[PDB]
>>> print(open('coords08.cif').read())   # mmCIF, N, CA and C atoms
data_protein
loop_
_atom_site.group_PDB
_atom_site.id
_atom_site.type_symbol
_atom_site.label_atom_id
_atom_site.label_comp_id
_atom_site.auth_asym_id
_atom_site.auth_seq_id
_atom_site.Cartn_x
_atom_site.Cartn_y
_atom_site.Cartn_z
ATOM 1 N N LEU A 1 -11.774 5.920 3.544
ATOM 2 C CA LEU A 1 -11.057 4.623 3.503
ATOM 3 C C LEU A 1 -11.038 4.071 2.088
ATOM 4 N N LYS A 2 -12.208 3.995 1.463
ATOM 5 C CA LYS A 2 -12.320 3.502 0.094
ATOM 6 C C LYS A 2 -11.879 4.588 -0.891
ATOM 7 N N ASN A 3 -10.697 5.123 -0.639
ATOM 8 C CA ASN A 3 -10.118 6.176 -1.456
ATOM 9 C C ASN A 3 -8.606 6.197 -1.251
ATOM 10 N N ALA A 4 -8.189 6.309 0.007
ATOM 11 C CA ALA A 4 -6.777 6.304 0.360
ATOM 12 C C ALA A 4 -6.140 4.968 0.016
ATOM 13 N N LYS A 5 -6.896 3.896 0.209
ATOM 14 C CA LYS A 5 -6.413 2.548 -0.076
ATOM 15 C C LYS A 5 -6.207 2.355 -1.578
ATOM 16 N N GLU A 6 -7.169 2.827 -2.365
ATOM 17 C CA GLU A 6 -7.079 2.745 -3.819
ATOM 18 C C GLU A 6 -5.906 3.576 -4.331
ATOM 19 N N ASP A 7 -5.799 4.818 -3.856
ATOM 20 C CA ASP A 7 -4.687 5.681 -4.251
ATOM 21 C C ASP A 7 -3.364 5.124 -3.752
ATOM 22 N N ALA A 8 -3.403 4.410 -2.632
ATOM 23 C CA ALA A 8 -2.224 3.727 -2.117
ATOM 24 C C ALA A 8 -1.735 2.681 -3.109
ATOM 25 N N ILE A 9 -2.655 1.833 -3.560
ATOM 26 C CA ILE A 9 -2.322 0.783 -4.521
ATOM 27 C C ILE A 9 -1.825 1.396 -5.828
ATOM 28 N N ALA A 10 -2.492 2.459 -6.267
ATOM 29 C CA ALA A 10 -2.088 3.168 -7.474
ATOM 30 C C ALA A 10 -0.690 3.757 -7.316
ATOM 31 N N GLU A 11 -0.420 4.303 -6.135
ATOM 32 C CA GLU A 11 0.884 4.880 -5.830
ATOM 33 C C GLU A 11 1.965 3.809 -5.898
ATOM 34 N N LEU A 12 1.670 2.646 -5.325
ATOM 35 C CA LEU A 12 2.603 1.525 -5.328
ATOM 36 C C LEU A 12 2.866 1.045 -6.755
ATOM 37 N N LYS A 13 1.797 0.914 -7.533
ATOM 38 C CA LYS A 13 1.904 0.444 -8.911
ATOM 39 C C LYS A 13 2.692 1.449 -9.751
ATOM 40 N N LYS A 14 2.492 2.733 -9.469
ATOM 41 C CA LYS A 14 3.225 3.791 -10.154
ATOM 42 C C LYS A 14 4.687 3.830 -9.702
ATOM 43 N N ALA A 15 4.922 3.535 -8.426
ATOM 44 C CA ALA A 15 6.273 3.538 -7.875
ATOM 45 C C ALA A 15 7.097 2.386 -8.435
ATOM 46 N N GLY A 16 6.419 1.303 -8.792
ATOM 47 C CA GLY A 16 7.098 0.166 -9.380
ATOM 48 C C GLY A 16 7.161 -0.993 -8.418
ATOM 49 N N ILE A 17 6.021 -1.321 -7.839
ATOM 50 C CA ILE A 17 5.952 -2.346 -6.817
ATOM 51 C C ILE A 17 5.018 -3.473 -7.248
ATOM 52 N N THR A 18 5.606 -4.572 -7.697
ATOM 53 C CA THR A 18 4.846 -5.730 -8.134
ATOM 54 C C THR A 18 4.722 -6.744 -7.002
ATOM 55 N N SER A 19 4.084 -6.325 -5.922
ATOM 56 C CA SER A 19 3.962 -7.156 -4.738
ATOM 57 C C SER A 19 2.499 -7.515 -4.484
ATOM 58 N N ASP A 20 2.156 -8.778 -4.729
ATOM 59 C CA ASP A 20 0.813 -9.279 -4.450
ATOM 60 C C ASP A 20 0.551 -9.256 -2.953
ATOM 61 N N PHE A 21 1.541 -9.716 -2.191
ATOM 62 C CA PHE A 21 1.466 -9.722 -0.735
ATOM 63 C C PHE A 21 1.195 -8.317 -0.217
ATOM 64 N N UNK A 22 2.056 -7.377 -0.581
ATOM 65 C CA UNK A 22 1.632 -5.009 -1.191
ATOM 66 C C UNK A 22 0.164 -4.755 -1.496
ATOM 67 N N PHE A 23 -0.395 -5.326 -2.560
ATOM 68 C CA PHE A 23 -1.789 -5.064 -2.917
ATOM 69 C C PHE A 23 -2.736 -5.649 -1.871
ATOM 70 N N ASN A 24 -2.497 -6.900 -1.481
ATOM 71 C CA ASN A 24 -3.361 -7.560 -0.509
ATOM 72 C C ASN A 24 -3.240 -6.907 0.865
ATOM 73 N N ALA A 25 -2.010 -6.650 1.304
ATOM 74 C CA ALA A 25 -1.774 -6.032 2.608
ATOM 75 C C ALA A 25 -2.332 -4.614 2.652
ATOM 76 N N UNK A 26 -1.999 -3.822 1.643
ATOM 77 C CA UNK A 26 -3.523 -2.189 0.571
ATOM 78 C C UNK A 26 -4.941 -2.583 0.977
ATOM 79 N N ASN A 27 -5.448 -3.733 0.546
ATOM 80 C CA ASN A 27 -6.840 -4.109 0.815
ATOM 81 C C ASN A 27 -7.057 -4.508 2.276
ATOM 82 N N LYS A 28 -6.055 -5.135 2.881
ATOM 83 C CA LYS A 28 -6.165 -5.616 4.259
ATOM 84 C C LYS A 28 -6.103 -4.451 5.244
ATOM 85 N N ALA A 29 -5.365 -3.410 4.868
ATOM 86 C CA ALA A 29 -5.284 -2.190 5.663
ATOM 87 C C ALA A 29 -6.678 -1.609 5.892
ATOM 88 N N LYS A 30 -7.022 -1.350 7.146
ATOM 89 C CA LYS A 30 -8.357 -0.858 7.470
ATOM 90 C C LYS A 30 -8.302 0.574 7.981
ATOM 91 N N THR A 31 -7.101 1.052 8.264
ATOM 92 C CA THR A 31 -6.925 2.408 8.751
ATOM 93 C C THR A 31 -5.817 3.126 7.978
ATOM 94 N N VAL A 32 -5.902 4.453 7.890
ATOM 95 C CA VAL A 32 -4.889 5.245 7.188
ATOM 96 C C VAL A 32 -3.491 4.960 7.749
ATOM 97 N N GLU A 33 -3.412 4.815 9.071
ATOM 98 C CA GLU A 33 -2.167 4.440 9.748
ATOM 99 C C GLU A 33 -1.524 3.215 9.094
ATOM 100 N N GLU A 34 -2.304 2.146 8.958
ATOM 101 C CA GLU A 34 -1.815 0.907 8.366
ATOM 102 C C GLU A 34 -1.423 1.123 6.911
ATOM 103 N N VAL A 35 -2.223 1.904 6.190
ATOM 104 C CA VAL A 35 -1.922 2.209 4.794
ATOM 105 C C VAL A 35 -0.546 2.871 4.674
ATOM 106 N N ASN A 36 -0.293 3.872 5.516
ATOM 107 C CA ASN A 36 0.999 4.555 5.519
ATOM 108 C C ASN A 36 2.112 3.596 5.920
ATOM 109 N N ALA A 37 1.821 2.721 6.879
ATOM 110 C CA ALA A 37 2.793 1.731 7.337
ATOM 111 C C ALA A 37 3.234 0.818 6.196
ATOM 112 N N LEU A 38 2.263 0.226 5.502
ATOM 113 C CA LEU A 38 2.556 -0.686 4.398
ATOM 114 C C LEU A 38 3.307 0.027 3.279
ATOM 115 N N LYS A 39 2.787 1.181 2.854
ATOM 116 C CA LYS A 39 3.420 1.938 1.776
ATOM 117 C C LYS A 39 4.852 2.302 2.143
ATOM 118 N N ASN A 40 5.031 2.892 3.321
ATOM 119 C CA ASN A 40 6.349 3.334 3.767
ATOM 120 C C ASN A 40 7.304 2.153 3.882
ATOM 121 N N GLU A 41 6.810 1.041 4.413
ATOM 122 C CA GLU A 41 7.625 -0.158 4.585
ATOM 123 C C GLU A 41 8.186 -0.636 3.246
ATOM 124 N N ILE A 42 7.296 -0.947 2.311
ATOM 125 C CA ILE A 42 7.716 -1.547 1.055
ATOM 126 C C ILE A 42 8.419 -0.514 0.164
ATOM 127 N N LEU A 43 8.021 0.751 0.258
ATOM 128 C CA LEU A 43 8.675 1.802 -0.517
ATOM 129 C C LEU A 43 10.097 2.014 -0.014
ATOM 130 N N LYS A 44 10.263 1.950 1.301
ATOM 131 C CA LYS A 44 11.573 2.063 1.926
ATOM 132 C C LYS A 44 12.467 0.909 1.485
ATOM 133 N N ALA A 45 11.882 -0.280 1.406
ATOM 134 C CA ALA A 45 12.595 -1.456 0.924
ATOM 135 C C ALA A 45 12.957 -1.310 -0.556
ATOM 136 N N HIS A 46 12.004 -0.822 -1.340
ATOM 137 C CA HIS A 46 12.179 -0.654 -2.784
ATOM 138 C C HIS A 46 13.205 0.441 -3.094
ATOM 139 N N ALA A 47 13.269 1.456 -2.239
ATOM 140 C CA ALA A 47 14.221 2.542 -2.411
ATOM 141 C C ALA A 47 15.520 2.229 -1.684
#
>>> encode(input="coords08.cif", output="structure tokens")
Amino acid sequence: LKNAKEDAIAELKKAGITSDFXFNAXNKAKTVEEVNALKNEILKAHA
């Protein structure tokens, strides 16, 4: 958990996502499922 979430935030920052509500919702995610959900959601929006 304390790995996928960090790499998630790094992935978002590298992708070009300046979303505080993104980073917080990264930290708020407690399961890999949620992490993928948040990333996919905002990345889909960003793309």
>>> select_by_dssp(input="coords08.cif", residues="chain A", states="helix (DSSP H, G or I)", output="PyMOL selection string")
chain A and resi 4-15+20-28+32-46
>>> write_last_selection(input="coords08.cif", atoms="N, CA and C atoms", output="mmCIF file, keeping the file's coordinate frame")
data_model
loop_
_atom_site.group_PDB
_atom_site.id
_atom_site.type_symbol
_atom_site.label_atom_id
_atom_site.label_comp_id
_atom_site.auth_asym_id
_atom_site.auth_seq_id
_atom_site.Cartn_x
_atom_site.Cartn_y
_atom_site.Cartn_z
ATOM 1 N N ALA A 4 -8.189 6.309 0.007
ATOM 2 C CA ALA A 4 -6.777 6.304 0.360
ATOM 3 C C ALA A 4 -6.140 4.968 0.016
ATOM 4 N N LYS A 5 -6.896 3.896 0.209
ATOM 5 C CA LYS A 5 -6.413 2.548 -0.076
ATOM 6 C C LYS A 5 -6.207 2.355 -1.578
ATOM 7 N N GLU A 6 -7.169 2.827 -2.365
ATOM 8 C CA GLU A 6 -7.079 2.745 -3.819
ATOM 9 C C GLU A 6 -5.906 3.576 -4.331
ATOM 10 N N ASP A 7 -5.799 4.818 -3.856
ATOM 11 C CA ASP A 7 -4.687 5.681 -4.251
ATOM 12 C C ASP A 7 -3.364 5.124 -3.752
ATOM 13 N N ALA A 8 -3.403 4.410 -2.632
ATOM 14 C CA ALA A 8 -2.224 3.727 -2.117
ATOM 15 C C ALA A 8 -1.735 2.681 -3.109
ATOM 16 N N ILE A 9 -2.655 1.833 -3.560
ATOM 17 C CA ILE A 9 -2.322 0.783 -4.521
ATOM 18 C C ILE A 9 -1.825 1.396 -5.828
ATOM 19 N N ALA A 10 -2.492 2.459 -6.267
ATOM 20 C CA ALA A 10 -2.088 3.168 -7.474
ATOM 21 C C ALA A 10 -0.690 3.757 -7.316
ATOM 22 N N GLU A 11 -0.420 4.303 -6.135
ATOM 23 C CA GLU A 11 0.884 4.880 -5.830
ATOM 24 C C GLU A 11 1.965 3.809 -5.898
ATOM 25 N N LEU A 12 1.670 2.646 -5.325
ATOM 26 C CA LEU A 12 2.603 1.525 -5.328
ATOM 27 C C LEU A 12 2.866 1.045 -6.755
ATOM 28 N N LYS A 13 1.797 0.914 -7.533
ATOM 29 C CA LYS A 13 1.904 0.444 -8.911
ATOM 30 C C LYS A 13 2.692 1.449 -9.751
ATOM 31 N N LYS A 14 2.492 2.733 -9.469
ATOM 32 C CA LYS A 14 3.225 3.791 -10.154
ATOM 33 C C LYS A 14 4.687 3.830 -9.702
ATOM 34 N N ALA A 15 4.922 3.535 -8.426
ATOM 35 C CA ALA A 15 6.273 3.538 -7.875
ATOM 36 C C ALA A 15 7.097 2.386 -8.435
ATOM 37 N N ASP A 20 2.156 -8.778 -4.729
ATOM 38 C CA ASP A 20 0.813 -9.279 -4.450
ATOM 39 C C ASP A 20 0.551 -9.256 -2.953
ATOM 40 N N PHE A 21 1.541 -9.716 -2.191
ATOM 41 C CA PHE A 21 1.466 -9.722 -0.735
ATOM 42 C C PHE A 21 1.195 -8.317 -0.217
ATOM 43 N N UNK A 22 2.056 -7.377 -0.581
ATOM 44 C CA UNK A 22 1.632 -5.009 -1.191
ATOM 45 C C UNK A 22 0.164 -4.755 -1.496
ATOM 46 N N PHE A 23 -0.395 -5.326 -2.560
ATOM 47 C CA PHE A 23 -1.789 -5.064 -2.917
ATOM 48 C C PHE A 23 -2.736 -5.649 -1.871
ATOM 49 N N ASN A 24 -2.497 -6.900 -1.481
ATOM 50 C CA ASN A 24 -3.361 -7.560 -0.509
ATOM 51 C C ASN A 24 -3.240 -6.907 0.865
ATOM 52 N N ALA A 25 -2.010 -6.650 1.304
ATOM 53 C CA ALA A 25 -1.774 -6.032 2.608
ATOM 54 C C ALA A 25 -2.332 -4.614 2.652
ATOM 55 N N UNK A 26 -1.999 -3.822 1.643
ATOM 56 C CA UNK A 26 -3.523 -2.189 0.571
ATOM 57 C C UNK A 26 -4.941 -2.583 0.977
ATOM 58 N N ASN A 27 -5.448 -3.733 0.546
ATOM 59 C CA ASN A 27 -6.840 -4.109 0.815
ATOM 60 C C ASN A 27 -7.057 -4.508 2.276
ATOM 61 N N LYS A 28 -6.055 -5.135 2.881
ATOM 62 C CA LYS A 28 -6.165 -5.616 4.259
ATOM 63 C C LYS A 28 -6.103 -4.451 5.244
ATOM 64 N N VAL A 32 -5.902 4.453 7.890
ATOM 65 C CA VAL A 32 -4.889 5.245 7.188
ATOM 66 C C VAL A 32 -3.491 4.960 7.749
ATOM 67 N N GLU A 33 -3.412 4.815 9.071
ATOM 68 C CA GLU A 33 -2.167 4.440 9.748
ATOM 69 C C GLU A 33 -1.524 3.215 9.094
ATOM 70 N N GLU A 34 -2.304 2.146 8.958
ATOM 71 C CA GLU A 34 -1.815 0.907 8.366
ATOM 72 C C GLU A 34 -1.423 1.123 6.911
ATOM 73 N N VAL A 35 -2.223 1.904 6.190
ATOM 74 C CA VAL A 35 -1.922 2.209 4.794
ATOM 75 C C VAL A 35 -0.546 2.871 4.674
ATOM 76 N N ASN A 36 -0.293 3.872 5.516
ATOM 77 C CA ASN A 36 0.999 4.555 5.519
ATOM 78 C C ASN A 36 2.112 3.596 5.920
ATOM 79 N N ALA A 37 1.821 2.721 6.879
ATOM 80 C CA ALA A 37 2.793 1.731 7.337
ATOM 81 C C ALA A 37 3.234 0.818 6.196
ATOM 82 N N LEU A 38 2.263 0.226 5.502
ATOM 83 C CA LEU A 38 2.556 -0.686 4.398
ATOM 84 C C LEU A 38 3.307 0.027 3.279
ATOM 85 N N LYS A 39 2.787 1.181 2.854
ATOM 86 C CA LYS A 39 3.420 1.938 1.776
ATOM 87 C C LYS A 39 4.852 2.302 2.143
ATOM 88 N N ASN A 40 5.031 2.892 3.321
ATOM 89 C CA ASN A 40 6.349 3.334 3.767
ATOM 90 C C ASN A 40 7.304 2.153 3.882
ATOM 91 N N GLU A 41 6.810 1.041 4.413
ATOM 92 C CA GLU A 41 7.625 -0.158 4.585
ATOM 93 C C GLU A 41 8.186 -0.636 3.246
ATOM 94 N N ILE A 42 7.296 -0.947 2.311
ATOM 95 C CA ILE A 42 7.716 -1.547 1.055
ATOM 96 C C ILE A 42 8.419 -0.514 0.164
ATOM 97 N N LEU A 43 8.021 0.751 0.258
ATOM 98 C CA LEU A 43 8.675 1.802 -0.517
ATOM 99 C C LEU A 43 10.097 2.014 -0.014
ATOM 100 N N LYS A 44 10.263 1.950 1.301
ATOM 101 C CA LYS A 44 11.573 2.063 1.926
ATOM 102 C C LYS A 44 12.467 0.909 1.485
ATOM 103 N N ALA A 45 11.882 -0.280 1.406
ATOM 104 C CA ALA A 45 12.595 -1.456 0.924
ATOM 105 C C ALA A 45 12.957 -1.310 -0.556
ATOM 106 N N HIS A 46 12.004 -0.822 -1.340
ATOM 107 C CA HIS A 46 12.179 -0.654 -2.784
ATOM 108 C C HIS A 46 13.205 0.441 -3.094
#
>>> atom_distance(input="coords08.cif", atom1="atom C of residue 33 (chain A)", atom2="atom C of residue 12 (chain A)")
16.6 Å
>>> closest_residue(input="coords08.cif", among="A:43, A:1, A:29, A:35", to="residue 17 (chain A)", atoms="all atoms listed in the file")
A:43
>>> residues_around(input="coords08.cif", residues="residue 27 (chain A)", least_positions_apart="5", cutoff="8 Å", atoms="all atoms listed in the file", output="PyMOL selection string")
chain A and resi 5-6+9+22
>>> write_last_selection(input="coords08.cif", atoms="N, CA and C atoms", output="short mmCIF file (atom, residue, chain, number, x, y, z; two decimals), keeping the file's coordinate frame")
data_model
loop_
_atom_site.label_atom_id
_atom_site.label_comp_id
_atom_site.auth_asym_id
_atom_site.auth_seq_id
_atom_site.Cartn_x
_atom_site.Cartn_y
_atom_site.Cartn_z
N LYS A 5 -6.90 3.90 0.21
CA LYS A 5 -6.41 2.55 -0.08
C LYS A 5 -6.21 2.36 -1.58
N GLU A 6 -7.17 2.83 -2.37
CA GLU A 6 -7.08 2.74 -3.82
C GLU A 6 -5.91 3.58 -4.33
N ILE A 9 -2.66 1.83 -3.56
CA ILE A 9 -2.32 0.78 -4.52
C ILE A 9 -1.82 1.40 -5.83
N UNK A 22 2.06 -7.38 -0.58
CA UNK A 22 1.63 -5.01 -1.19
C UNK A 22 0.16 -4.76 -1.50
#
>>> atom_distance(input="coords08.cif", atom1="atom N of residue 47 (chain A)", atom2="CA of residue 2 (chain A)")
25.8 Å
>>> resolve_selection(input="coords08.cif", expression="the PyMOL selection byres (((chain A and resi 25 and name CA) around 12) and name CA)", output="PDB file with N, CA and C atoms, keeping the file's coordinate frame")
ATOM      1  N   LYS A   5      -6.896   3.896   0.209  1.00  0.00           N
ATOM      2  CA  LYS A   5      -6.413   2.548  -0.076  1.00  0.00           C
ATOM      3  C   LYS A   5      -6.207   2.355  -1.578  1.00  0.00           C
ATOM      4  N   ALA A   8      -3.403   4.410  -2.632  1.00  0.00           N
ATOM      5  CA  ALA A   8      -2.224   3.727  -2.117  1.00  0.00           C
ATOM      6  C   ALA A   8      -1.735   2.681  -3.109  1.00  0.00           C
ATOM      7  N   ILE A   9      -2.655   1.833  -3.560  1.00  0.00           N
ATOM      8  CA  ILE A   9      -2.322   0.783  -4.521  1.00  0.00           C
ATOM      9  C   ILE A   9      -1.825   1.396  -5.828  1.00  0.00           C
ATOM     10  N   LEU A  12       1.670   2.646  -5.325  1.00  0.00           N
ATOM     11  CA  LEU A  12       2.603   1.525  -5.328  1.00  0.00           C
ATOM     12  C   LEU A  12       2.866   1.045  -6.755  1.00  0.00           C
ATOM     13  N   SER A  19       4.084  -6.325  -5.922  1.00  0.00           N
ATOM     14  CA  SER A  19       3.962  -7.156  -4.738  1.00  0.00           C
ATOM     15  C   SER A  19       2.499  -7.515  -4.484  1.00  0.00           C
ATOM     16  N   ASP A  20       2.156  -8.778  -4.729  1.00  0.00           N
ATOM     17  CA  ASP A  20       0.813  -9.279  -4.450  1.00  0.00           C
ATOM     18  C   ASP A  20       0.551  -9.256  -2.953  1.00  0.00           C
ATOM     19  N   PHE A  21       1.541  -9.716  -2.191  1.00  0.00           N
ATOM     20  CA  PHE A  21       1.466  -9.722  -0.735  1.00  0.00           C
ATOM     21  C   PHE A  21       1.195  -8.317  -0.217  1.00  0.00           C
ATOM     22  N   UNK A  22       2.056  -7.377  -0.581  1.00  0.00           N
ATOM     23  CA  UNK A  22       1.632  -5.009  -1.191  1.00  0.00           C
ATOM     24  C   UNK A  22       0.164  -4.755  -1.496  1.00  0.00           C
ATOM     25  N   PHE A  23      -0.395  -5.326  -2.560  1.00  0.00           N
ATOM     26  CA  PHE A  23      -1.789  -5.064  -2.917  1.00  0.00           C
ATOM     27  C   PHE A  23      -2.736  -5.649  -1.871  1.00  0.00           C
ATOM     28  N   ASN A  24      -2.497  -6.900  -1.481  1.00  0.00           N
ATOM     29  CA  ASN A  24      -3.361  -7.560  -0.509  1.00  0.00           C
ATOM     30  C   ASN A  24      -3.240  -6.907   0.865  1.00  0.00           C
ATOM     31  N   UNK A  26      -1.999  -3.822   1.643  1.00  0.00           N
ATOM     32  CA  UNK A  26      -3.523  -2.189   0.571  1.00  0.00           C
ATOM     33  C   UNK A  26      -4.941  -2.583   0.977  1.00  0.00           C
ATOM     34  N   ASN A  27      -5.448  -3.733   0.546  1.00  0.00           N
ATOM     35  CA  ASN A  27      -6.840  -4.109   0.815  1.00  0.00           C
ATOM     36  C   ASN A  27      -7.057  -4.508   2.276  1.00  0.00           C
ATOM     37  N   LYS A  28      -6.055  -5.135   2.881  1.00  0.00           N
ATOM     38  CA  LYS A  28      -6.165  -5.616   4.259  1.00  0.00           C
ATOM     39  C   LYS A  28      -6.103  -4.451   5.244  1.00  0.00           C
ATOM     40  N   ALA A  29      -5.365  -3.410   4.868  1.00  0.00           N
ATOM     41  CA  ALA A  29      -5.284  -2.190   5.663  1.00  0.00           C
ATOM     42  C   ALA A  29      -6.678  -1.609   5.892  1.00  0.00           C
ATOM     43  N   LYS A  30      -7.022  -1.350   7.146  1.00  0.00           N
ATOM     44  CA  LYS A  30      -8.357  -0.858   7.470  1.00  0.00           C
ATOM     45  C   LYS A  30      -8.302   0.574   7.981  1.00  0.00           C
ATOM     46  N   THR A  31      -7.101   1.052   8.264  1.00  0.00           N
ATOM     47  CA  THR A  31      -6.925   2.408   8.751  1.00  0.00           C
ATOM     48  C   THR A  31      -5.817   3.126   7.978  1.00  0.00           C
ATOM     49  N   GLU A  34      -2.304   2.146   8.958  1.00  0.00           N
ATOM     50  CA  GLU A  34      -1.815   0.907   8.366  1.00  0.00           C
ATOM     51  C   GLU A  34      -1.423   1.123   6.911  1.00  0.00           C
ATOM     52  N   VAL A  35      -2.223   1.904   6.190  1.00  0.00           N
ATOM     53  CA  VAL A  35      -1.922   2.209   4.794  1.00  0.00           C
ATOM     54  C   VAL A  35      -0.546   2.871   4.674  1.00  0.00           C
ATOM     55  N   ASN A  36      -0.293   3.872   5.516  1.00  0.00           N
ATOM     56  CA  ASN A  36       0.999   4.555   5.519  1.00  0.00           C
ATOM     57  C   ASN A  36       2.112   3.596   5.920  1.00  0.00           C
ATOM     58  N   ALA A  37       1.821   2.721   6.879  1.00  0.00           N
ATOM     59  CA  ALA A  37       2.793   1.731   7.337  1.00  0.00           C
ATOM     60  C   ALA A  37       3.234   0.818   6.196  1.00  0.00           C
ATOM     61  N   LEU A  38       2.263   0.226   5.502  1.00  0.00           N
ATOM     62  CA  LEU A  38       2.556  -0.686   4.398  1.00  0.00           C
ATOM     63  C   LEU A  38       3.307   0.027   3.279  1.00  0.00           C
ATOM     64  N   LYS A  39       2.787   1.181   2.854  1.00  0.00           N
ATOM     65  CA  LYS A  39       3.420   1.938   1.776  1.00  0.00           C
ATOM     66  C   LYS A  39       4.852   2.302   2.143  1.00  0.00           C
ATOM     67  N   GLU A  41       6.810   1.041   4.413  1.00  0.00           N
ATOM     68  CA  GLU A  41       7.625  -0.158   4.585  1.00  0.00           C
ATOM     69  C   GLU A  41       8.186  -0.636   3.246  1.00  0.00           C
ATOM     70  N   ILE A  42       7.296  -0.947   2.311  1.00  0.00           N
ATOM     71  CA  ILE A  42       7.716  -1.547   1.055  1.00  0.00           C
ATOM     72  C   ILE A  42       8.419  -0.514   0.164  1.00  0.00           C
TER      73      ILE A  42
END
>>> atom_distance(input="coords08.cif", atom1="atom C of residue 3 (chain A)", atom2="atom C of residue 32 (chain A)")
10.4 Å
>>> decode(input="coords08.cif", residues="chain A", atoms="C-alpha atoms", output="short mmCIF file (atom, residue, chain, number, x, y, z; two decimals), in the first residue's frame")
data_model
loop_
_atom_site.label_atom_id
_atom_site.label_comp_id
_atom_site.auth_asym_id
_atom_site.auth_seq_id
_atom_site.Cartn_x
_atom_site.Cartn_y
_atom_site.Cartn_z
CA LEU A 1 0.00 0.00 0.00
CA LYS A 2 2.72 2.45 1.02
CA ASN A 3 4.24 2.01 -2.42
CA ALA A 4 1.48 1.86 -5.04
CA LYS A 5 -0.01 5.06 -3.62
CA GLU A 6 3.32 6.89 -3.80
CA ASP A 7 3.99 5.65 -7.34
CA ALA A 8 0.41 6.62 -8.15
CA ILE A 9 1.03 10.22 -7.07
CA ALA A 10 4.35 10.21 -8.94
CA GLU A 11 2.59 8.86 -12.03
CA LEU A 12 -0.03 11.61 -11.80
CA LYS A 13 2.62 14.31 -11.31
CA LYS A 14 4.56 12.91 -14.27
CA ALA A 15 1.38 12.69 -16.37
CA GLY A 16 0.72 16.36 -15.72
CA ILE A 17 -1.97 16.41 -13.08
CA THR A 18 -1.98 19.40 -10.74
CA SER A 19 -4.95 18.22 -8.70
CA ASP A 20 -4.83 18.71 -4.92
CA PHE A 21 -8.24 17.07 -4.62
CA UNK A 22 -5.84 13.83 -7.10
CA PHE A 23 -3.08 13.85 -4.44
CA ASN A 24 -5.46 13.85 -1.47
CA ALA A 25 -7.90 11.36 -3.02
CA UNK A 26 -3.84 9.12 -3.72
CA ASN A 27 -3.53 9.42 0.10
CA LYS A 28 -7.21 8.75 0.85
CA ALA A 29 -7.15 5.62 -1.31
CA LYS A 30 -6.72 2.63 1.01
CA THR A 31 -6.86 -0.15 -1.57
CA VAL A 32 -5.19 -0.76 -4.95
CA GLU A 33 -8.70 -0.82 -6.45
CA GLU A 34 -9.34 2.75 -5.30
CA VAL A 35 -5.88 3.82 -6.46
CA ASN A 36 -6.60 2.52 -9.97
CA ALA A 37 -10.05 4.12 -9.84
CA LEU A 38 -8.71 7.59 -8.99
CA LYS A 39 -5.81 7.40 -11.45
CA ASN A 40 -7.97 6.07 -14.29
CA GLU A 41 -10.71 8.61 -13.57
CA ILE A 42 -8.58 11.75 -13.60
CA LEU A 43 -6.22 10.43 -16.31
CA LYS A 44 -9.24 9.68 -18.49
CA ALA A 45 -10.44 13.23 -17.86
CA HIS A 46 -6.97 14.66 -18.54
CA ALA A 47 -6.68 12.65 -21.76
#
